[PDB]
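In the block that follows, a single chain appears as structure tokens, in the form deposited in one PDB entry.
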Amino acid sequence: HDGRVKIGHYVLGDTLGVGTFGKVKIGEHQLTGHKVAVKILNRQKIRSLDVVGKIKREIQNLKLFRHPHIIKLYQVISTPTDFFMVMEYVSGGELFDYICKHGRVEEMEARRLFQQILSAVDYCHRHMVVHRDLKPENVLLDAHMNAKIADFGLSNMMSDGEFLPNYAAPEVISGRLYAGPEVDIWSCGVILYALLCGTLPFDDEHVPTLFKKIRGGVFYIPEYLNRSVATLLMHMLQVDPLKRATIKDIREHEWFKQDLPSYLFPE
């Protein structure tokens, strides 16, 4: 365009996010104008931290992902200085920004979106070569108001969005040994809570109250929230990882199972 901003059949445009190993830009197919999200991974930075083998395993794994609520990877072009991962672009932006701008979602809508998000999470638990911790900010919305999660491993490029940072599951901030899948449940309870209440369940610019609040596990349940969904939020936000719901427990909860497509949880 103005310069060397074309790669393959694509033209690169504005930066949407920055990550450890590079950045993600909006792109467009040069013949059709169709938008894509191009993660550009800086291979010298990869060599620097000596994670060449892990990056390649992750890219190879992600090439084969196929799930209706995970951003697709269309193509990978590698050059001596970068890998370009041409990915699906989704127009709705990030779920938390949406909620922030429009406030809470109606309950049925919260449940639709929640069932899509947890199916994608479960698929990642099953397929990521290495488990890494879900990042709530990676949950995005497509043009049809459906959830789409952007990959959140080493090549995660998800960077910022709005206003209302210090935030993690109880056992993580207490500096205890922990298991990724259990912390992911807690993070999904924070996502469900924000869809239903239009706020985070622990809010607090004072980073000690916040943390005490988190390990304390005290959260507000608005009057309009029913009790069948209140029990789910409580079992997902259990401070004690050994007491916290698993994905199977969520699957059997009455509020969740309502009107749930089977192809979302095969087995």
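Start at 1 with the first residue shown and count on from there. Throughout, rigid core stands for the largest set of C-alpha atoms superposing within 1.5 Å between the two forms.
One more form of this protein exists, namely the form deposited in another entry; it is left out here, but the text below deals with it.
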Quiz item: Looking at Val229, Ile46, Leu200, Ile70, which has a Cα shift of 2 angstroms or more between the shown form and the other one when the rigid core is held fixed?
Solution: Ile46
Quiz item: Is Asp14 one of the residues whose C-alpha moves 2 Å or more between the shown form and the other one after the core fit?
Solution: yes
Quiz item: Aligning on the rigid core, do we see the C-alpha of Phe152 shift 2 angstroms or more between the shown form and the other one?
Solution: yes
Quiz item: Would you say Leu31 moves between the shown form and the other one, meaning its CA shifts by 2 Å or more once the core is fitted?
Solution: yes
Self-check item: CA-CA separation of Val121 and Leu154, closer or farther in the other form than in the form shown [shift of 3 angstroms or more]
Solution: farther
Quiz prompt | Distance direction in the other form for the C-alpha atoms of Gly153 and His235, relative to the displayed form (3 angstroms or more) | solution = farther
